[PDB]
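J.: There's a structure below that I have some questions on.
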Amino acid sequence: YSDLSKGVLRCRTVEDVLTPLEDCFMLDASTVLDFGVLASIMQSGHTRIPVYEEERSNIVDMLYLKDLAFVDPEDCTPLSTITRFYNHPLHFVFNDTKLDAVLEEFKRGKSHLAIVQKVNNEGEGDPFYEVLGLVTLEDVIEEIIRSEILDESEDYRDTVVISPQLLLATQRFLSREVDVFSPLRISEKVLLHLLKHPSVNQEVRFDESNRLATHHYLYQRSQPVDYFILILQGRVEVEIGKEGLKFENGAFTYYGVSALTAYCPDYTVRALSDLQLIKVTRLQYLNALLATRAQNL
Amino acid sequence: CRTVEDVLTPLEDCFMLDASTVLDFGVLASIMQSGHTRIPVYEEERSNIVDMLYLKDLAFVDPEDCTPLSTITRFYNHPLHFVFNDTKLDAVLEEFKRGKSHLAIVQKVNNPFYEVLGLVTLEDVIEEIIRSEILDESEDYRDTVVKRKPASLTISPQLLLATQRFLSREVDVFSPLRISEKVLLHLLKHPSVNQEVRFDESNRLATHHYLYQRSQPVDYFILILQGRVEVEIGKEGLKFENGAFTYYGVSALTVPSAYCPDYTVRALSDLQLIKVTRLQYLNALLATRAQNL
């Protein structure tokens, strides 16, 4: 009987949990559903997305994620033609209405998201309803759990402390093929500068006597790592997976991208010859991003 | 939505700290990354919880002090909250409220002994209660129903699991955050995904030997399981030979912060590979999002 959990929230209104309209995830009905939009929508984590038409506050329809099933980007179908196809309801709620009412509203007409409205009597003539955000069940549950019995543990945030031409080719390859080096994150100028930096361009001397010298290992499996490596010239032996599948890789095969976005690889890379490579630590990546966001503005 | 047992989380999946644990730098970083306001402290075995550690008590500890958790816990002495598995949700909510504890440790009988099942947090109970009685009709899937007119228009499981793990751990677009391990494995098990290519030895440059042609649109990802290929990179045409576990066309699946490669891949042998179209990726994203978690 959740009627008990309903007795300790009758003093809270929507204002407490309201997420303001400016901070709400929405879609302009005129959006075109290409791969980018579809991927970003399906990854946003929302199953229910409002759709407005002109101003951000003129919500008209609602998009369920399943509405997008069987939708091909090639068709470049607009979101309007998907929402004007289905007939999903818009659940409304008032600025001042209590939370038990909001919950029995989510129940009646199954939903987890309601358009919070407030009346505007300031003005001669008839009044109007001014949308001022959304109320989502996540926030209501959070408020109930925080205000039923509160713990003074708001301390979450406790903090505890090679040929220049081939390098240009590498810059172009990375900008066009690897995402973390996309021009949107690191300008092509800054990336070119990074790849030609001495602390990035590295070489390895292969002691043939100690054929398995510790310095021949660019990556060691299940061992913390902090850098990205692309092989410019030479050959390496890669041992992949728990099984230890051994392959031989050469130039233009990059490793450890997840180290820039702890991270421990799923493989071990060892040097088989004299190597020319480019190593990029996470800190170097952060400084490149900072420089790029300073350059843009 | 009946008893504690139905919503608790098991000892296996819980985060705790040993009582003799030194509070070095690593433990502090680990806890702060876990983001848990409560950490149990077991005496000898995890099944035996002896103390409770509130995050409030652990904020201002100096990593350089290398204090032992014993000092913190014994200084704050936070009482414990036990409970059985048969107790309903309303009873445990009243227990949490009248008591001053945010979580309890559940006890069932494996008979004769009281085995600790796990920890029930108030978050879990409130979640279950004010979630199980309000559904969202957008999380159910009735898309089998055809609403618009219908137009009339394999290999070793061991290395396959290895491929799934490799992609999940190394390539981002296949990260578990985007495609669940189940859905990714299911995708790798598929005729149009697991593909082979036959190398016409007479016409070494057959149009079908070209998986990617530089500056020519493509819309799919390829990882090489078996065979050899020639990669011609850049306007310069740097030619290299690549083999197994060298993936291509990742940018066709990523969404930035209309894809043409910076290279041309040609087949040199009979190829066994994994092909992933943009539509296949989008349907994988939906499929993973169908499973609530």
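We place every Cβ from the backbone using ideal geometry, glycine too, and count neighbours over all the protein chains shown. All of this is worked out from the model, or read from it or from the source named; none is laboratory data.
J.: Restricting to region B:244-279, name every residue that is within 33 Å of the chain's Cα centre (by Cα), surrounded by fewer than 17 Cβ atoms within 10 Å (Cβ to Cβ) and not β-branched (V, I, T).
T.: Correct list: B:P256, B:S257, B:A258, B:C260, B:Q272.
J.: Considering each residue of region A:184-199, count those that are crowded, with 20+ Cβ neighbours inside 10 Å and over 26 Å from the mean Cα position of the chain (by Cα), and give that number.
T.: Adding up the residues that qualify gives 1.
J.: Against the condition of a type in the set (S, T, N, Q) and under 32 Å from the mean Cα position of the chain (by Cα), how does B:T71 come out, does it pass?
T.: Spelling it out, it is not the case that B:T71 is of a type in the set (S, T, N, Q) and under 32 Å from the mean Cα position of the chain (by Cα).
J.: Going by what's in this entry, would A:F181 be described as surrounded by 15 or more Cβ atoms within 10 Å (Cβ to Cβ), under 24 Å from the mean Cα position of the chain (by Cα) and in a strand (DSSP E or B)?
T.: When the stated conditions are applied, A:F181 does not pass them.
J.: Is there a residue being assigned by CATH to the domain that holds A:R185 and touching a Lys or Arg at 6+ places or on another chain (Cβ under 8 Å) anywhere in region A:279-290?
T.: Checked against the condition, which is being assigned by CATH to the domain that holds A:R185 and touching a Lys or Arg at 6+ places or on another chain (Cβ under 8 Å), region A:279-290 yields at least one hit.
J.: Further question on the same structure: If we keep just the residues of region A:88-137 that are acidic (D, E) and touching a strand residue (DSSP E or B) at 6+ places or on another chain (Cβ under 9 Å), which is farthest from the other protein chains (Cβ to nearest Cβ)?
T.: A:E130
J.: Residues to consider are B:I126, B:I130, B:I224; find the one that is in a strand (DSSP E or B) and surrounded by 14 or more Cβ atoms within 10 Å (Cβ to Cβ).
T.: B:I224 is the lone residue from the list that is in a strand (DSSP E or B) and surrounded by 14 or more Cβ atoms within 10 Å (Cβ to Cβ).
J.: Of all residues in region B:255-281 being part of a loop (DSSP other than H, G, I, E, B), touching a strand residue (DSSP E or B) at 6+ places or on another chain (Cβ under 7 Å) and within 11 Å of chain A (Cβ to nearest Cβ), which is nearest to B:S175 (Cα to Cα)?
T.: Going through the qualifying residues, I end up with B:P261.
J.: Tell me whether region B:25-38 contains one or more residues that are within 19 Å of B:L103 (Cα to Cα), assigned to a loop (DSSP other than H, G, I, E, B) and more than 27 Å from the chain's Cα centre (by Cα).
T.: Scanning region B:25-38 turns up no residue that is within 19 Å of B:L103 (Cα to Cα), assigned to a loop (DSSP other than H, G, I, E, B) and more than 27 Å from the chain's Cα centre (by Cα).
J.: Just to verify a result, which residue in region B:141-162, among those that are within 22 Å of the chain's Cα centre (by Cα) and surrounded by 13 or more Cβ atoms within 10 Å (Cβ to Cβ), is farthest from A:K66 (Cα to Cα)?
T.: Step by step, filter region B:141-162, then rank; the result is B:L159.
J.: Then there's this: Here are B:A59, B:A19: which of them is in contact with an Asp or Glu (Cβ under 8 Å, 6 or more places away or on another chain) and at the interface with another protein chain (Cβ under 10 Å from one of its Cβ atoms)?
T.: Testing whether each residue is in contact with an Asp or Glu (Cβ under 8 Å, 6 or more places away or on another chain) and at the interface with another protein chain (Cβ under 10 Å from one of its Cβ atoms) leaves just B:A59.
J.: Here are some residues: A:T81, A:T97. Which one is of a type in the set (S, T, Y) and surrounded by fewer than 13 Cβ atoms within 10 Å (Cβ to Cβ)?
T.: Just a single option satisfies the conditions, and that option is A:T81.
J.: Test of understanding: among B:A252, B:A284, which residue is within 14 Å of B:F221 (Cα to Cα) and facing another protein chain (nearest Cβ under 9 Å)?
T.: Going through B:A252, B:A284 in turn, the sole match is B:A252.
J.: Among the residues of region A:62-78 satisfying the criterion of being more than 10 Å from every other protein chain (Cβ to nearest Cβ) and not charged (D, E, K, R), which is surrounded by the fewest Cβ atoms within 10 Å (Cβ to Cβ)?
T.: Within region A:62-78, the match that is surrounded by the fewest Cβ atoms within 10 Å (Cβ to Cβ) is A:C76.
J.: If you go through region A:186-202 one residue at a time, do you hit one that is within 14 Å of chain B (Cβ to nearest Cβ), of a type outside the set (D, E, K, R) and either in contact with a strand residue (DSSP E or B) (Cβ under 9 Å, 6 or more places away or on another chain) or closer than 21 Å to B:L225 by Cα (or both)?
T.: yes
J.: Could you tell me whether region B:44-57 includes any residue that is among the polar types (S, T, N, Q), more than 27 Å from B:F82 (Cβ to Cβ) and either outside any helix (DSSP H, G or I) or out of contact with any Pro (no Cβ under 9 Å at 6 or more places or on another chain) (or both)?
T.: no
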